[PDB]
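One file, protein-v9.csv, is given below (CSV, C-alpha atoms and all ligand atoms).
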```csv
chain,number,residue,atom,x,y,z
A,1,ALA,CA,-70.8,116.7,106.6
A,2,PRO,CA,-72.9,118.4,103.9
A,3,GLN,CA,-75.7,116.2,102.7
A,4,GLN,CA,-74.3,116.3,99.1
A,5,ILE,CA,-71.1,114.7,100.3
A,6,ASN,CA,-72.8,112.1,102.5
A,7,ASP,CA,-75.0,111.1,99.6
A,8,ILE,CA,-72.4,110.7,96.9
A,9,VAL,CA,-70.0,108.9,99.2
A,10,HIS,CA,-72.7,106.4,100.2
A,11,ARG,CA,-73.9,105.8,96.7
A,12,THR,CA,-70.3,105.4,95.4
A,13,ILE,CA,-68.3,103.7,98.1
A,14,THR,CA,-70.8,101.4,99.7
A,15,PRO,CA,-71.4,99.7,96.3
A,16,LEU,CA,-67.7,99.7,95.6
A,17,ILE,CA,-67.2,97.8,98.8
A,18,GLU,CA,-70.1,95.4,97.9
A,19,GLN,CA,-68.7,94.9,94.4
A,20,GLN,CA,-65.0,94.3,95.5
A,21,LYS,CA,-65.6,92.4,98.8
A,22,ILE,CA,-63.5,95.0,100.7
A,23,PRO,CA,-63.3,94.1,104.5
A,24,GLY,CA,-62.5,97.6,105.7
A,25,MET,CA,-62.2,101.0,104.2
A,26,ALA,CA,-61.5,104.6,105.2
A,27,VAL,CA,-62.3,107.6,102.9
A,28,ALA,CA,-61.5,111.3,103.3
A,29,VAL,CA,-63.2,113.8,101.0
A,30,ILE,CA,-61.6,117.2,101.0
A,31,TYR,CA,-64.2,119.8,100.0
A,32,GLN,CA,-63.4,123.5,100.0
A,33,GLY,CA,-60.2,122.6,101.8
A,34,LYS,CA,-61.8,120.7,104.7
A,35,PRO,CA,-61.8,116.9,105.2
A,36,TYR,CA,-64.9,114.8,105.8
A,37,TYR,CA,-64.2,111.3,107.1
A,38,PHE,CA,-66.0,108.0,106.4
A,39,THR,CA,-65.2,104.5,107.5
A,40,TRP,CA,-66.6,101.0,106.9
A,41,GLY,CA,-66.0,97.5,108.1
A,42,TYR,CA,-63.1,95.9,110.0
A,43,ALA,CA,-59.4,96.5,110.4
A,44,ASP,CA,-59.1,93.0,111.9
A,45,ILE,CA,-61.9,90.6,110.8
A,46,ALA,CA,-61.3,87.9,113.4
A,47,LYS,CA,-61.1,90.3,116.3
A,48,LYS,CA,-64.0,92.3,114.9
A,49,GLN,CA,-62.0,95.5,115.4
A,50,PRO,CA,-63.7,98.3,113.3
A,51,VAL,CA,-61.9,100.7,111.0
A,52,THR,CA,-61.6,104.1,112.7
A,53,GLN,CA,-60.0,107.4,111.8
A,54,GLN,CA,-56.9,106.1,113.8
A,55,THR,CA,-56.5,102.8,111.8
A,56,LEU,CA,-53.2,102.5,110.0
A,57,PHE,CA,-53.3,101.2,106.4
A,58,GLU,CA,-50.4,100.2,104.1
A,59,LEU,CA,-50.1,103.0,101.5
A,60,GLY,CA,-48.0,100.9,99.1
A,61,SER,CA,-46.8,103.0,96.2
A,62,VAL,CA,-48.5,106.1,97.5
A,63,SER,CA,-45.3,106.2,99.6
A,64,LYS,CA,-43.6,107.6,96.5
A,65,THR,CA,-45.3,110.9,97.0
A,66,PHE,CA,-43.5,111.3,100.3
A,67,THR,CA,-40.3,110.3,98.7
A,68,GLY,CA,-40.8,112.8,95.8
A,69,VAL,CA,-41.6,115.7,98.3
A,70,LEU,CA,-38.5,114.8,100.4
A,71,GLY,CA,-36.4,114.9,97.3
A,72,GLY,CA,-37.9,118.3,96.4
A,73,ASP,CA,-37.1,119.5,99.8
A,74,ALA,CA,-33.5,118.5,99.3
A,75,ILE,CA,-33.4,120.4,96.0
A,76,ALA,CA,-34.8,123.4,97.8
A,77,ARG,CA,-32.0,123.1,100.4
A,78,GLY,CA,-29.4,123.0,97.6
A,79,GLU,CA,-28.3,119.6,98.8
A,80,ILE,CA,-29.0,117.9,95.4
A,81,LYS,CA,-29.7,118.9,91.8
A,82,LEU,CA,-31.8,116.7,89.5
A,83,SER,CA,-29.1,117.0,86.8
A,84,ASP,CA,-26.5,115.5,89.1
A,85,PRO,CA,-25.1,112.1,88.0
A,86,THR,CA,-26.0,109.2,90.1
A,87,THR,CA,-22.3,108.5,90.6
A,88,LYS,CA,-21.9,111.8,92.4
A,89,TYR,CA,-23.7,110.1,95.4
A,90,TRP,CA,-22.6,106.5,94.8
A,91,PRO,CA,-19.1,106.5,93.3
A,92,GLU,CA,-18.9,102.8,93.7
A,93,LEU,CA,-21.4,102.5,90.8
A,94,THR,CA,-18.5,102.3,88.3
A,95,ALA,CA,-20.2,100.3,85.6
A,96,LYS,CA,-20.2,102.3,82.3
A,97,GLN,CA,-24.0,102.1,81.7
A,98,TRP,CA,-24.4,104.5,84.6
A,99,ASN,CA,-22.6,107.3,82.7
A,100,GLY,CA,-25.4,109.8,81.9
A,101,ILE,CA,-28.0,108.6,84.3
A,102,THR,CA,-29.0,111.5,86.6
A,103,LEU,CA,-31.1,111.8,89.7
A,104,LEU,CA,-33.9,113.1,87.5
A,105,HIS,CA,-33.9,109.8,85.5
A,106,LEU,CA,-34.1,107.8,88.8
A,107,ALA,CA,-36.9,109.9,90.2
A,108,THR,CA,-39.0,109.8,87.1
A,109,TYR,CA,-38.5,106.1,85.9
A,110,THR,CA,-36.6,107.3,82.8
A,111,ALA,CA,-33.1,105.8,83.5
A,112,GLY,CA,-33.6,103.2,80.7
A,113,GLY,CA,-35.4,100.2,82.1
A,114,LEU,CA,-34.6,99.7,85.7
A,115,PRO,CA,-36.9,96.9,86.8
A,116,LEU,CA,-40.3,97.2,88.5
A,117,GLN,CA,-39.0,95.4,91.7
A,118,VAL,CA,-35.7,95.1,93.4
A,119,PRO,CA,-35.1,91.3,93.4
A,120,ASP,CA,-36.2,89.6,96.6
A,121,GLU,CA,-32.7,88.1,97.0
A,122,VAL,CA,-31.1,91.5,97.5
A,123,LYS,CA,-30.6,91.4,101.3
A,124,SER,CA,-27.4,93.3,101.9
A,125,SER,CA,-25.7,96.5,100.8
A,126,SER,CA,-23.3,94.3,98.9
A,127,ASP,CA,-26.2,92.6,97.1
A,128,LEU,CA,-27.7,96.0,96.2
A,129,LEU,CA,-24.5,97.3,94.6
A,130,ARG,CA,-24.2,94.1,92.6
A,131,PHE,CA,-27.7,94.4,91.4
A,132,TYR,CA,-27.2,97.9,90.0
A,133,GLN,CA,-23.7,97.2,88.8
A,134,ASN,CA,-25.0,94.3,86.7
A,135,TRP,CA,-28.2,95.8,85.4
A,136,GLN,CA,-28.1,96.4,81.7
A,137,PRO,CA,-30.4,99.2,80.3
A,138,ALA,CA,-32.9,98.5,77.5
A,139,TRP,CA,-33.0,102.1,76.4
A,140,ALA,CA,-30.9,105.2,76.5
A,141,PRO,CA,-31.6,107.5,79.5
A,142,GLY,CA,-34.4,110.0,79.2
A,143,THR,CA,-36.3,108.3,76.4
A,144,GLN,CA,-38.7,105.7,77.9
A,145,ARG,CA,-40.7,105.7,81.2
A,146,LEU,CA,-40.9,102.3,82.9
A,147,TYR,CA,-42.5,102.6,86.3
A,148,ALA,CA,-40.0,101.1,88.8
A,149,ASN,CA,-39.5,100.8,92.5
A,150,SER,CA,-35.8,100.2,91.9
A,151,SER,CA,-35.6,103.6,90.2
A,152,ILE,CA,-37.4,106.0,92.6
A,153,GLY,CA,-36.2,103.8,95.5
A,154,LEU,CA,-32.6,104.5,94.6
A,155,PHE,CA,-33.4,108.2,94.1
A,156,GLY,CA,-34.8,108.5,97.6
A,157,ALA,CA,-31.8,106.7,99.2
A,158,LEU,CA,-29.3,108.9,97.4
A,159,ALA,CA,-31.2,112.2,97.8
A,160,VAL,CA,-30.8,112.0,101.6
A,161,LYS,CA,-27.0,111.3,101.5
A,162,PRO,CA,-25.9,115.0,101.7
A,163,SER,CA,-28.0,115.4,104.9
A,164,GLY,CA,-26.1,112.7,106.7
A,165,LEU,CA,-29.4,111.3,107.9
A,166,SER,CA,-31.0,108.0,107.1
A,167,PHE,CA,-33.9,108.0,104.8
A,168,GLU,CA,-36.3,107.3,107.7
A,169,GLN,CA,-34.7,110.1,109.9
A,170,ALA,CA,-34.8,112.6,107.0
A,171,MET,CA,-38.5,111.8,106.3
A,172,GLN,CA,-39.4,112.0,110.0
A,173,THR,CA,-37.6,115.3,110.6
A,174,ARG,CA,-38.2,117.0,107.3
A,175,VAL,CA,-41.7,115.9,106.2
A,176,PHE,CA,-43.7,114.0,108.8
A,177,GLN,CA,-42.9,116.2,111.9
A,178,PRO,CA,-43.3,119.7,110.3
A,179,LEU,CA,-46.7,118.6,108.7
A,180,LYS,CA,-47.8,117.1,112.1
A,181,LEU,CA,-48.3,113.6,110.5
A,182,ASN,CA,-47.8,112.1,113.9
A,183,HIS,CA,-49.5,108.7,113.0
A,184,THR,CA,-47.5,108.1,109.8
A,185,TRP,CA,-44.8,105.6,110.0
A,186,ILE,CA,-42.1,103.8,107.9
A,187,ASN,CA,-41.8,101.4,110.9
A,188,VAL,CA,-44.8,101.1,113.1
A,189,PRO,CA,-43.7,101.4,116.7
A,190,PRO,CA,-44.9,98.7,119.2
A,191,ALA,CA,-47.2,101.0,121.0
A,192,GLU,CA,-49.0,101.8,117.7
A,193,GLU,CA,-49.4,98.2,116.4
A,194,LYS,CA,-52.9,98.1,118.0
A,195,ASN,CA,-54.0,100.5,115.3
A,196,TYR,CA,-52.4,98.6,112.4
A,197,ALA,CA,-55.0,97.0,110.1
A,198,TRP,CA,-54.5,93.6,108.6
A,199,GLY,CA,-54.5,93.3,104.9
A,200,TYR,CA,-56.6,90.5,103.3
A,201,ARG,CA,-55.4,88.4,100.4
A,202,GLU,CA,-57.3,85.3,99.4
A,203,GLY,CA,-58.9,85.5,102.8
A,204,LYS,CA,-55.7,85.5,104.8
A,205,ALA,CA,-54.4,88.3,107.0
A,206,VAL,CA,-51.1,89.8,105.7
A,207,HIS,CA,-48.7,92.7,106.2
A,208,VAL,CA,-46.1,93.8,103.7
A,209,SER,CA,-42.8,92.1,103.9
A,210,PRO,CA,-39.4,93.9,104.4
A,211,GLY,CA,-37.5,94.5,101.2
A,212,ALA,CA,-34.6,96.6,99.9
A,213,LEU,CA,-35.6,100.3,99.4
A,214,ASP,CA,-39.1,99.5,100.7
A,215,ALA,CA,-39.5,102.7,102.7
A,216,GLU,CA,-38.8,104.8,99.6
A,217,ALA,CA,-41.1,102.9,97.2
A,218,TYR,CA,-43.9,101.2,99.1
A,219,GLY,CA,-43.4,101.0,102.8
A,220,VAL,CA,-45.3,103.9,104.6
A,221,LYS,CA,-48.3,103.3,106.8
A,222,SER,CA,-50.7,106.1,107.7
A,223,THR,CA,-54.2,106.9,109.0
A,224,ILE,CA,-57.1,108.5,107.1
A,225,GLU,CA,-56.6,111.7,109.1
A,226,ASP,CA,-52.9,112.0,108.4
A,227,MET,CA,-53.5,111.3,104.7
A,228,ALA,CA,-56.2,114.0,104.6
A,229,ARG,CA,-53.6,116.4,106.1
A,230,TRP,CA,-51.1,115.2,103.5
A,231,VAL,CA,-53.6,116.1,100.7
A,232,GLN,CA,-54.3,119.5,102.3
A,233,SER,CA,-50.5,120.2,102.4
A,234,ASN,CA,-50.2,119.3,98.7
A,235,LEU,CA,-53.3,121.4,97.8
A,236,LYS,CA,-52.1,124.4,99.7
A,237,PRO,CA,-48.3,124.5,99.8
A,238,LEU,CA,-48.2,128.1,100.8
A,239,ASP,CA,-49.7,127.2,104.1
A,240,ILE,CA,-46.5,125.3,105.0
A,241,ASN,CA,-44.3,127.6,107.0
A,242,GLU,CA,-41.0,125.7,106.3
A,243,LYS,CA,-39.9,127.3,103.0
A,244,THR,CA,-37.9,124.3,101.8
A,245,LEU,CA,-40.9,121.9,102.3
A,246,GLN,CA,-43.3,124.4,100.7
A,247,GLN,CA,-41.0,124.4,97.7
A,248,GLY,CA,-40.4,120.7,97.8
A,249,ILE,CA,-44.2,120.1,97.6
A,250,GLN,CA,-44.3,122.5,94.6
A,251,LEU,CA,-41.3,120.8,92.9
A,252,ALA,CA,-42.9,117.3,93.2
A,253,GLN,CA,-45.9,118.7,91.2
A,254,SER,CA,-43.7,120.1,88.5
A,255,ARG,CA,-44.1,118.4,85.1
A,256,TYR,CA,-40.8,116.8,84.0
A,257,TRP,CA,-42.0,114.5,81.2
A,258,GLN,CA,-45.2,114.0,79.2
A,259,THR,CA,-46.6,110.8,77.7
A,260,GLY,CA,-50.1,111.0,76.2
A,261,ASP,CA,-52.1,113.2,78.5
A,262,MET,CA,-50.1,112.4,81.6
A,263,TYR,CA,-47.2,114.2,83.2
A,264,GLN,CA,-44.6,112.8,85.5
A,265,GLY,CA,-43.8,114.6,88.7
A,266,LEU,CA,-41.7,113.5,91.7
A,267,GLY,CA,-43.8,110.7,92.9
A,268,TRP,CA,-47.0,112.4,92.0
A,269,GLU,CA,-48.5,112.1,88.5
A,270,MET,CA,-50.6,114.9,86.9
A,271,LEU,CA,-53.0,115.6,84.1
A,272,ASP,CA,-54.6,118.8,83.0
A,273,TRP,CA,-58.0,119.6,84.6
A,274,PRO,CA,-60.7,119.0,83.4
A,275,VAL,CA,-59.5,115.5,82.8
A,276,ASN,CA,-61.0,112.8,80.5
A,277,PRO,CA,-62.1,110.3,83.2
A,278,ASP,CA,-61.6,107.4,80.9
A,279,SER,CA,-58.0,108.3,80.5
A,280,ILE,CA,-57.2,108.2,84.2
A,281,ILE,CA,-59.4,105.1,84.8
A,282,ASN,CA,-58.0,103.1,81.9
A,283,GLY,CA,-54.5,104.4,82.5
A,284,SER,CA,-54.4,103.1,86.0
A,285,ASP,CA,-54.7,99.5,84.9
A,286,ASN,CA,-51.5,97.7,85.7
A,287,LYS,CA,-51.2,96.5,82.0
A,288,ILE,CA,-50.9,100.2,81.0
A,289,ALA,CA,-49.4,101.9,84.0
A,290,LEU,CA,-46.5,99.5,84.2
A,291,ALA,CA,-45.8,99.3,80.4
A,292,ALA,CA,-42.8,101.1,78.9
A,293,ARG,CA,-43.9,104.2,77.1
A,294,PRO,CA,-41.9,106.9,75.3
A,295,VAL,CA,-41.6,110.3,77.0
A,296,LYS,CA,-41.1,113.8,75.9
A,297,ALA,CA,-38.9,116.1,78.1
A,298,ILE,CA,-40.3,119.3,79.4
A,299,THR,CA,-37.4,121.7,79.8
A,300,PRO,CA,-37.6,123.6,82.0
A,301,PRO,CA,-40.1,121.5,84.0
A,302,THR,CA,-43.5,123.2,84.1
A,303,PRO,CA,-44.1,124.7,87.5
A,304,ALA,CA,-46.9,123.1,89.4
A,305,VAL,CA,-50.2,123.8,87.5
A,306,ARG,CA,-53.1,124.6,89.8
A,307,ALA,CA,-55.7,123.3,87.2
A,308,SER,CA,-54.4,119.7,87.4
A,309,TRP,CA,-55.7,116.3,88.5
A,310,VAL,CA,-52.8,115.2,90.8
A,311,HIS,CA,-52.9,111.6,91.9
A,312,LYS,CA,-51.2,108.3,92.9
A,313,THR,CA,-52.3,104.7,93.2
A,314,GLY,CA,-50.7,102.2,95.6
A,315,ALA,CA,-51.0,98.6,96.6
A,316,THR,CA,-49.5,95.8,98.7
A,317,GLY,CA,-50.4,92.2,98.9
A,318,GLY,CA,-53.3,93.0,101.2
A,319,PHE,CA,-54.1,96.7,100.7
A,320,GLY,CA,-55.2,99.1,98.0
A,321,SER,CA,-54.9,102.9,98.2
A,322,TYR,CA,-55.6,105.9,96.0
A,323,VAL,CA,-55.1,109.7,96.5
A,324,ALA,CA,-56.3,112.4,94.0
A,325,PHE,CA,-56.7,116.2,94.3
A,326,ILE,CA,-57.3,119.3,92.2
A,327,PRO,CA,-55.5,122.3,93.6
A,328,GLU,CA,-57.6,124.9,91.7
A,329,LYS,CA,-60.8,123.5,93.2
A,330,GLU,CA,-59.4,122.8,96.8
A,331,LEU,CA,-60.9,119.3,96.3
A,332,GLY,CA,-59.4,115.9,97.0
A,333,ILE,CA,-60.0,112.3,98.1
A,334,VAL,CA,-58.1,109.6,100.0
A,335,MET,CA,-59.3,106.0,99.7
A,336,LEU,CA,-57.6,103.4,101.9
A,337,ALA,CA,-58.7,99.7,101.9
A,338,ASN,CA,-57.4,96.5,103.4
A,339,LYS,CA,-57.8,94.5,100.2
A,340,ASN,CA,-55.8,95.0,97.0
A,341,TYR,CA,-58.6,95.5,94.4
A,342,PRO,CA,-58.1,96.8,90.8
A,343,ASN,CA,-56.9,100.4,90.3
A,344,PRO,CA,-59.6,101.3,87.7
A,345,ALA,CA,-62.4,100.6,90.2
A,346,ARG,CA,-60.6,103.0,92.7
A,347,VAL,CA,-60.1,105.8,90.1
A,348,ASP,CA,-63.7,105.5,88.8
A,349,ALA,CA,-65.1,105.9,92.3
A,350,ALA,CA,-62.8,108.8,93.0
A,351,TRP,CA,-63.8,110.6,89.9
A,352,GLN,CA,-67.5,110.0,90.5
A,353,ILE,CA,-67.2,111.7,93.9
A,354,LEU,CA,-65.0,114.6,92.9
A,355,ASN,CA,-67.0,115.3,89.7
A,356,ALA,CA,-70.2,115.4,91.7
A,357,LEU,CA,-68.6,118.0,94.1
A,358,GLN,CA,-66.8,120.4,91.6
B,401,LIG,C1,-46.9,100.3,94.5
B,401,LIG,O1,-47.9,100.1,95.2
B,401,LIG,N1,-46.3,99.2,93.7
B,401,LIG,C2,-45.4,99.4,92.6
B,401,LIG,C3,-46.3,99.2,91.3
B,401,LIG,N2,-47.2,100.4,91.4
B,401,LIG,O2,-48.3,100.3,90.6
B,401,LIG,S1,-49.5,101.1,91.3
B,401,LIG,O3,-49.9,100.6,92.7
B,401,LIG,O4,-50.7,100.9,90.4
B,401,LIG,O5,-49.2,102.6,91.3
B,401,LIG,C4,-47.0,97.9,91.4
B,401,LIG,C5,-46.7,97.1,92.6
B,401,LIG,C6,-46.7,97.8,93.9
B,401,LIG,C7,-45.8,97.3,94.9
B,401,LIG,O6,-44.6,97.1,94.6
B,401,LIG,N3,-46.2,97.2,96.3
B,401,LIG,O7,-45.4,96.8,97.3
B,401,LIG,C8,-45.5,95.4,97.6
B,401,LIG,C9,-44.1,94.8,97.7
B,401,LIG,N4,-43.3,95.0,96.5
B,402,CL,CL,-78.4,104.2,97.7
B,403,ZN,ZN,-77.6,102.7,99.2
B,404,ZN,ZN,-51.3,108.7,119.1
```
Structure rendered as structure tokens:
Amino acid sequence: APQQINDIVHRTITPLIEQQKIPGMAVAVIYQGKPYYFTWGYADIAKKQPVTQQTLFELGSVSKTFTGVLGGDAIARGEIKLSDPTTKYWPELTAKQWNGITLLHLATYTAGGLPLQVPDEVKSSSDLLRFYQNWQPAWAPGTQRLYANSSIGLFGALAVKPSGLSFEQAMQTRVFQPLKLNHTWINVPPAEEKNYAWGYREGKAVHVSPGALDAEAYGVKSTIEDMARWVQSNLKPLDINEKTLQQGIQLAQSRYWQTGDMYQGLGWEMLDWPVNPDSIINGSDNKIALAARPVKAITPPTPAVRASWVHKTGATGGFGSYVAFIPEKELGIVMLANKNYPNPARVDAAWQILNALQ
């Protein structure tokens, strides 16, 4: 890699790892469209297995960027419209509070207070219907953004219904395969488990547990190489030969709502570039990112703006992830770690690196 990249990555990430006690980490810096890879530490501490460019990490909520793009691809196929009512795809959702809640609301956390998590006791399709049938909104739809796995998770499950495919099959056929993300998995196959890093929480090795709508909201695992290719695909959608997927990538970066200086896409979130670094750093703290905030609609949604900072945080019990990129600059970063450490530390490090290379 260019010396300037090696230098800034060492001076930023090695101290981050020292400060946060991260056991293993992989970073890709995309500079002028090309990825440069860096690894540190161990995927499995007790086995002394190093992190490599083939190590699988839990992406956590970064999974929502795949869900948003798959939803965009369905829009581009004419299979769904964001203005469609939820009940078009789930007519058994007969409770009156669902009148007026659209796929857009589900995708963008604006349905009126769907909760952060689907309850752990939801184990069957019957449980899931009961959950949504009994949920009572705190706000009218399209007025407040409250980040929620139960919201975008339902969006992903319903967006694939017209295809007749399961969510996993749709994602594999329509997103992973065309983009050659051949080491990205909703369910890690047995032959690939050797590459699956352990997450570390309070010193103990952990993997994410199964849960309702997990694939849609937080369940994807991937390598640093596939995640760099995911960033390249979102930086340069016109390089994608499949027109519906090219368009789905673009639609996931459209701006549907604004609150403060942030814009909500499908999975992705965006700010105008140049960005105020303190806004992205401070805004990533869970106390802020997860709070209910009023939104203003953008109608029509702003088509993807090249001069944007586009990003997403993610975590599981044992992992912490961050992806950010700037289309106009062909510049991006992926940071995958097997410890969940605070979002602001991730974003600060990412901005120090990308700011140094702009
Ligand atoms: C995503 O990783 N999520 C949802 C929510 N996202 O906040 S973020 O990581 O800062 O963007 C916080 C919790 C977290 C999870 O739900 N992770 O999955 C673990 C099992 N629920
Ligand atoms: Cl140094
Ligand atoms: Zn040093
Ligand atoms: Zn392989």
Item to check | Env. residues ligand ZN 404 (chain B) / 9 Å / only C-alpha atoms and all ligand atoms / as number ranges by chain | outcome: A: 54, 182-183, 191-192
Next on the checklist: Let me see if you get this right: every residue at most 8 Å from ligand ZN 403 (chain B), counting all atoms listed in the file, written as a list in words.
Outcome noted: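 Those within range of ligand ZN 403 (chain B) are residues 10, 11, 14 and 15 of chain A.
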What would the file look like if the residues just selected were written as a tab-separated table (two decimals), in the frame of the given file with C-alpha atoms?
```tsv
chain	number	residue	atom	x	y	z
A	10	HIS	CA	-72.70	106.40	100.20
A	11	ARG	CA	-73.90	105.80	96.70
A	14	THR	CA	-70.80	101.40	99.70
A	15	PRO	CA	-71.40	99.70	96.30
```
Checklist entry - Using all atoms listed in the file, which protein or nucleic acid residues are at most 8 Å from ligand LIG 401 (chain B), as number ranges by chain? => result A: 59-63, 116-117, 147-149, 208-209, 211, 214, 217-219, 284-286, 289-290, 312-317, 320-321, 343
Next on the checklist: Residues near residue 108 of chain A, anyone? I mean within 9 Å using all atoms listed in the file, not counting same-chain ones fewer than 3 positions away, as a list in words.
Outcome noted: residues 103, 104, 105, 111, 145, 146, 147, 148, 151, 152, 256, 257, 264, 265, 266 and 267 of chain A
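Proximity to ligand CL 402 (chain B) was assessed for A:46, A:76, A:292, A:16 counting only C-alpha atoms and all ligand atoms; the smallest distance is recorded for A:16.
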Checklist entry - Any idea what's packed within 7 Å of segment 234-249 of chain A, counting all atoms listed in the file, ignoring anything in its chain fewer than 3 positions away? Could you give it as a ChimeraX atom specification? => result /A:69-70,72-73,76-77,230-231,252-253,327,330
Checklist entry - Taking (-61.3, 95.1, 112.9) in the file's coordinates as the center, which residues reach within 10 Å of it, counting only C-alpha atoms, put as a PyMOL selection string? => result chain A and resi 23-24+40-52+55+195-198
With C-alpha atoms retained, write the just-selected residues as a PDB file, keeping the file's coordinate frame.
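For reference, out_20.pdb as written:
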```
ATOM      1  CA  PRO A  23     -63.300  94.100 104.500  1.00  0.00           C
ATOM      2  CA  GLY A  24     -62.500  97.600 105.700  1.00  0.00           C
ATOM      3  CA  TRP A  40     -66.600 101.000 106.900  1.00  0.00           C
ATOM      4  CA  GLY A  41     -66.000  97.500 108.100  1.00  0.00           C
ATOM      5  CA  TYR A  42     -63.100  95.900 110.000  1.00  0.00           C
ATOM      6  CA  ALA A  43     -59.400  96.500 110.400  1.00  0.00           C
ATOM      7  CA  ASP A  44     -59.100  93.000 111.900  1.00  0.00           C
ATOM      8  CA  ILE A  45     -61.900  90.600 110.800  1.00  0.00           C
ATOM      9  CA  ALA A  46     -61.300  87.900 113.400  1.00  0.00           C
ATOM     10  CA  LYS A  47     -61.100  90.300 116.300  1.00  0.00           C
ATOM     11  CA  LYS A  48     -64.000  92.300 114.900  1.00  0.00           C
ATOM     12  CA  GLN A  49     -62.000  95.500 115.400  1.00  0.00           C
ATOM     13  CA  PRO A  50     -63.700  98.300 113.300  1.00  0.00           C
ATOM     14  CA  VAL A  51     -61.900 100.700 111.000  1.00  0.00           C
ATOM     15  CA  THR A  52     -61.600 104.100 112.700  1.00  0.00           C
ATOM     16  CA  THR A  55     -56.500 102.800 111.800  1.00  0.00           C
ATOM     17  CA  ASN A 195     -54.000 100.500 115.300  1.00  0.00           C
ATOM     18  CA  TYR A 196     -52.400  98.600 112.400  1.00  0.00           C
ATOM     19  CA  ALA A 197     -55.000  97.000 110.100  1.00  0.00           C
ATOM     20  CA  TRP A 198     -54.500  93.600 108.600  1.00  0.00           C
TER      21      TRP A 198
END
```
Next on the checklist: What's the separation between atom CA of residue 160 of chain A and atom CA of residue 75 of chain A, in Å to one decimal place?
Outcome noted: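 One can read the atom CA of residue 160 of chain A to atom CA of residue 75 of chain A distance as 10.4 Å.
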Item to check | Closest of A:333, A:347, A:295, A:224 to residue 278 of chain A - atom-to-atom distances counting all atoms listed in the file | outcome: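 That would be A:347, the residue with the smallest distance to residue 278 of chain A.
Of the residues under consideration (A:125, A:99, A:53, A:177), A:53 shows the shortest atom-to-atom contact distance to residue 222 of chain A when counting all atoms listed in the file.
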Next on the checklist: Residues proximal to (-37.3, 107.2, 103.1) were defined as those with any atom within 12 Å of that point in the file's coordinates, counting only C-alpha atoms. Which are they, as a ChimeraX atom specification?
Outcome noted: /A:63-71,152-161,165-176,185-187,212-220
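You will find atom CA of residue 307 of chain A at 5.1 Å from atom CA of residue 273 of chain A.
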Checklist entry - Quick one: of A:281, A:275, A:135, A:260, who's nearest to residue 118 of chain A, counting only C-alpha atoms? => result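 Of all the options, A:135 lies closest to residue 118 of chain A.
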Checklist entry - Using all atoms listed in the file, which residue out of A:201, A:123, A:255, A:194 lies closest to residue 339 of chain A? => result A:201
Checklist outcome for this item: Atom pair atom CA of residue 279 of chain A + atom CA of residue 335 of chain A, distance 19.4 Å
Only N, CA, C and O atoms needed: put segment 128-136 of chain A from the block into a file as a compact mmCIF listing (two decimals), in the first residue's frame.
```txt
# COMPACT_ATOMS: atom_id res chain seq x y z
N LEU A 128 -44.92 -14.12 16.14
CA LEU A 128 -44.57 -12.89 15.44
C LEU A 128 -45.81 -12.09 15.07
O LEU A 128 -45.83 -10.87 15.22
N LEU A 129 -46.85 -12.77 14.57
CA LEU A 129 -48.10 -12.08 14.26
C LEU A 129 -48.69 -11.44 15.50
O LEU A 129 -49.13 -10.29 15.47
N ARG A 130 -48.70 -12.18 16.61
CA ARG A 130 -49.23 -11.65 17.86
C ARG A 130 -48.46 -10.41 18.29
O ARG A 130 -49.06 -9.42 18.72
N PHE A 131 -47.14 -10.46 18.18
CA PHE A 131 -46.32 -9.30 18.52
C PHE A 131 -46.77 -8.06 17.75
O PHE A 131 -47.08 -7.03 18.35
N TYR A 132 -46.83 -8.15 16.42
CA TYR A 132 -47.17 -6.97 15.64
C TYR A 132 -48.64 -6.60 15.79
O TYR A 132 -48.98 -5.41 15.74
N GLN A 133 -49.52 -7.58 15.96
CA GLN A 133 -50.94 -7.29 16.13
C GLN A 133 -51.20 -6.53 17.43
O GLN A 133 -52.14 -5.72 17.49
N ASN A 134 -50.41 -6.77 18.47
CA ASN A 134 -50.63 -6.16 19.77
C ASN A 134 -49.81 -4.90 20.00
O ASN A 134 -50.07 -4.18 20.97
N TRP A 135 -48.84 -4.62 19.14
CA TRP A 135 -48.02 -3.43 19.30
C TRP A 135 -48.89 -2.19 19.15
O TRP A 135 -49.71 -2.09 18.23
N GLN A 136 -48.70 -1.23 20.05
CA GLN A 136 -49.45 0.02 20.00
C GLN A 136 -48.49 1.17 19.71
O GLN A 136 -47.55 1.39 20.49
```
